[PDB]
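Trainee: First the structure, which I've put down as C-alpha cells, then a few questions once you've had a look.
Protein chains: 2
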Amino acid sequence: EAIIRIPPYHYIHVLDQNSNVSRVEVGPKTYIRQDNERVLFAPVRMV
Amino acid sequence: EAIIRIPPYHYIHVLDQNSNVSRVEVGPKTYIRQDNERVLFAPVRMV
C-alpha cells in the first residue's frame, strides 16, 4: 500500500531510491509514499 | 512498468496524485515514476 501508517513513538526508514537517502520518519503521521520514500520494515515496536 | 520511456520530441503528462499536478515531461529521458508522476497516455507521436 502506498500509505505508510505509523504508531506513536514508532518510526520507519524510507528508501528514497532517487537517492537511497534512507531517513528515519519519526512518527506518528499518515505519511504518504511515492516511490521516493520506499518503506523498509514493519511497525514492530522497537522497545 | 514503473519506468516511463520516451522518444525524442515526445512528452507525457504525469499525474502527481499527491497533487494531480499533471505536468508535461518534455522528453527525452528515462524518467522514473513513483506513484506521484503517474503516466496518462502512450508514446504516440503527436505530430
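Keeping their order, the protein sequence lines are chains A and B. With this note's numbering, the residue at position 31 of the first sequence is 840, and numbering never jumps. With this note's numbering, the residue at position 33 of the second sequence is 842, and numbering never jumps. Beta carbons are placed, not taken as given, at the ideal position from N, Cα and C, and that holds for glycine.
Using a cut-off of 8 angstroms between C-beta atoms, extract the partners of A:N845 located in chain B.
Mentor: Here the neighbours are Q843, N845.
Trainee: Taking C-beta pairs closer than 9 angstroms, name the residues in chain B that A:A851 reaches, listed in chain order.
Mentor: Per Cβ cutoff of 9 angstroms: no residues; A:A851 is ~21 angstroms from chain B at best.
Trainee: Ignore the nearest five residues each way along the sequence and tell me which others in B:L824's own chain have a CB closer than 7 angstroms to its CB.
Mentor: The answer, listed in chain order, is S831, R847, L849.
Trainee: List the DSSP bridge partners of B:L824.
Mentor: B:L824 is bridged to B:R847.
Trainee: Taking buried to mean at least 16 other C-beta atoms within 10 Å of its own C-beta, is B:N845 buried or exposed?
Mentor: Buried.
Trainee: Check whether chain A comes within 8 angstroms of B:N827, counting only Cβ atoms and requiring the distance to be less than that.
Mentor: B:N827 counts as touching chain A.
Trainee: Report the rounded CA-to-CA distance for B:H822 versus A:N827, giving the unit in angstroms.
Mentor: So the two alpha carbons sit approximately 20 angstroms from each other.
Trainee: Just to confirm my understanding: we take B:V833, look at its own chain, exclude 5 residues before and 5 after, and list those with CB closer than 7 angstroms. What are they?
Mentor: Closer than 7 angstroms at the Cβ level, and outside the excluded window around B:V833, lie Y820, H822.
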